[PDB]
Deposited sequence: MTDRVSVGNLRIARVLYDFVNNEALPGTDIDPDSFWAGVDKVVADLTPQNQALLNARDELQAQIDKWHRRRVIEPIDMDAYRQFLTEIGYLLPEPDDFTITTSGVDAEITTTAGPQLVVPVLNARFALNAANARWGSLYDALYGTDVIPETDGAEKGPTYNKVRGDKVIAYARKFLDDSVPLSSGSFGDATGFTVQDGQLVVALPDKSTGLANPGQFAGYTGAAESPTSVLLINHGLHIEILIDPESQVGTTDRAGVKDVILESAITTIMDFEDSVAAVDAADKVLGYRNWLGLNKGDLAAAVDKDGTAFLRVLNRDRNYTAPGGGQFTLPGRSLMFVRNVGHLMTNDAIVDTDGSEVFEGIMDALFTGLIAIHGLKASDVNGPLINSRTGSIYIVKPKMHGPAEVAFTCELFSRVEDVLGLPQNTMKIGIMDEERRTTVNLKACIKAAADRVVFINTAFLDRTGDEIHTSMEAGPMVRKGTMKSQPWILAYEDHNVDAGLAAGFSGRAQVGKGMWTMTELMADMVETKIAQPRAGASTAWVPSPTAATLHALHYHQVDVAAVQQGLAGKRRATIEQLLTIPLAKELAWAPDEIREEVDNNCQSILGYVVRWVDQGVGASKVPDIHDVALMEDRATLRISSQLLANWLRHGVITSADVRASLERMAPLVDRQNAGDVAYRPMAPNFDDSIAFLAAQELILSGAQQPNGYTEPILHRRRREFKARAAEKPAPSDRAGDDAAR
């Protein structure tokens, strides 16, 4: 086969050629020595990688036999202390993570997550640190299409004015005047290096004049006004010549907000990458972002302003980018050993995306720049416990050697999405104490893990109910305490999950405020538009101060984290039960087809209620596991799931385009088969992970196109 041989490794040609002719030029790193690091690191670190995975299965099997007899909560706690699932909590400590960008240490705002494989969205996500508030309010349902405000083909003046009014109220709410509002405003000036606003009768200044930050144009009549609030910036574009500002009282054309302050470029649950050719598309895009020459169009440059002091300064016009690698589980045949075994895709992701990130700290090569303090930011998903965190640090050290970068350059975003990590979260941070820039609650995976771990105990509650169970409410608060009790304020981000309802922007703006009220300096949005709307929340809420007043407090006991979410012993009705089955089969079929048939890892799949859900691979983990739990405890038969899948499939076909229908040949469509395997084999998948079945089935389709 077409694999370059280097030591004990057979490296697929497209990978070797890409690492050699694209990623290595500009790193000051010698090719034969790089590849030697790859061989050496893989040889030394593979065993421990393997041992950790075996360790998970040990615990998961021990926990199964326990639930097959034993309904106590204090012997269950003691039992997990025996098997080394629950480890002692260390003495309180402070993190020591140096060389971190201001976007992570102090600034608090929304955080975008994007499939790196999609060169188009990754482009937008990087340019989404700035976004029109007008566009955002106008397009979505934030301003109700209620009274002549309906979106049409031509511009709606009724809807446009309502948008303006809304932005007017936000300006009053964030950067208040000394007397009056921005609604009565008529013009802007910066006299004496101070912002003064014209009113119809008088002229007021800024009640808090420090919130004035700059401007562009003439000082006595600018082309723009720059404001700050809660770290985030605000731009009032002044142009009475544009078709908005002509009918506008102050000439305001638009309001621009600092939206996606950071973006996570994603190699894991939002992308489909099952072979060596796939990983290179991802790497080639990640490369583009780091040189700053990726195009479809280009990436944005810095934004120049004029200080109130008189000088001229600059602001980053791109979102500080993370990259998220895959977890420890999977292996990818982008590299095989001499015996043919697939090499761990985690280790490859650390090496390659690590290597590629070198361009991010430098201008030609490539013209544009990412980090300013010299840091690489890797999100690690799906870790189970302190030792799996330690291993990843050691890997970063080993990878750092190979690339010849100072130790602790590769910072680590820790993700709380596995039950064993949650209950040992202080230990985990401690293992990453010199690297960690990020913790985060990922309910979707966390719920996936929660179901599978206690799946021998009994029938589990519906997935709609899971978001308000005491384990998850504990979990959320528990995550913030540990980060804050570790010194996270002014040092690292404390973050929370993602808004999936991509078109319910009204609900989001109404609901998502709870997360920075819970003291989190970052929360996950699906779109550049959702980032802009979600910026509003950080202006309204002083997250720095919320963080402060939570300090020291212990809101979540270990008794409340092990509260398993069973149901109250046969308390449903056949109509409900089949509603849950049909609904879970809906979110599974809808997602798998795009994933298997087209290799798409994240898409708005209309649910059973026609609600556009931005579903990624984690949502597949909840639905499949839940159904598997209801299978295992006799809530439904195997014929139900089958009758349901057959029932829900042609409706999925009706929600979809060079597209390949599942119905009516359910046994000839690889998508359908993959679907019901995730359910029927679901209880047997490790920690409920969907990847194995998802990958073989995607490769078995690539292959079916000879």
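Practice task
Can you give me the gaps, meaning deposited-sequence stretches with no C-alpha coordinates, in sequence order?
Solution key: Several regions go unmodelled: 1, 72-75, 302-311, 380-381, 674-676, 727-741.
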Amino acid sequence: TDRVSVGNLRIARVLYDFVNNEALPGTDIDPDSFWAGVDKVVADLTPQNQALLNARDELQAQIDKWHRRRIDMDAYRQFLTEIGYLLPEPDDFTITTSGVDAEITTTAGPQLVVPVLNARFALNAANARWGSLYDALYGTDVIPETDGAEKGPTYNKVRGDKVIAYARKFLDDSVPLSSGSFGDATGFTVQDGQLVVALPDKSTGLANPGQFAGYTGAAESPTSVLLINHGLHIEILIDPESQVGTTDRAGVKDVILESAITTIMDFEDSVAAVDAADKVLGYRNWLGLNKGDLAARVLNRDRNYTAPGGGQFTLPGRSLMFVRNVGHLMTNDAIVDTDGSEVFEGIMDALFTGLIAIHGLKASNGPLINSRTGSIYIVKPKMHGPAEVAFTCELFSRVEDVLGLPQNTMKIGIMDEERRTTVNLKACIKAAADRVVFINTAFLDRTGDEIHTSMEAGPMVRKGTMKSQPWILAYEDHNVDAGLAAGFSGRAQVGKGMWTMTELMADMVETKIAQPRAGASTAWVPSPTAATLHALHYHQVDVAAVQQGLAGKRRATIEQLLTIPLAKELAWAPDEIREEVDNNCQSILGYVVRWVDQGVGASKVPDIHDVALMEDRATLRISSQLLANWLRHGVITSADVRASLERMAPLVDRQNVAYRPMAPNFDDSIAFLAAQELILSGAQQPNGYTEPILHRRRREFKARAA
From here on, numbers count along this sequence of modelled residues.
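Handout entry: Entry-level comparison of average CA B-factors, 130-138 and 237-245, reporting the higher stretch
Key = For C-alpha atoms only, the mean B-factor is higher in 237-245.
Handout entry: 418-426 versus 370-378 - which carries the larger mean C-alpha B factor in the record
Key = Per the PDB entry, the higher value belongs to 370-378.
Practice task
Kindly indicate the residue among 78, 625, 453, 397 with the greatest C-alpha B-factor in the PDB record.
Solution key: The listed residue with the largest C-alpha B-factor is 78.
Handout entry: Residue selected from 359, 446, 303, 537 by maximal Cα B factor
Key = Reading the PDB entry, the winner on C-alpha B-factor is 303.
Problem - Among modelled residues of the same chain, the CA temperature factor third for residue 676 - result: Within its chain, residue 676 is a middle-third residue by C-alpha B-factor, going by the deposited values.
Handout entry: Ranked against its chain, the third holding the CA B-factor of residue 314
Key = CA B-factor rank for residue 314: highest third.
Handout entry: Modelled-residue ranking by C-alpha temperature factor, third containing residue 594
Key = Its C-alpha B-factor, which the entry lists for residue 594, ranks in the middle third among residues of this chain.
Exercise for the section: Check where residue 519 lands among this chain's C-alpha B-factors and tell me if it's the lowest, middle or highest third. Expected result: Its C-alpha B-factor belongs to the middle third of this chain's values.
Exercise for the section: Select lowest, middle or highest to describe the third in which the CA B-factor of residue 110 falls within its chain in this entry. Expected result: As the PDB entry reports it, the C-alpha B-factor of residue 110 lands in the lowest third of its chain.
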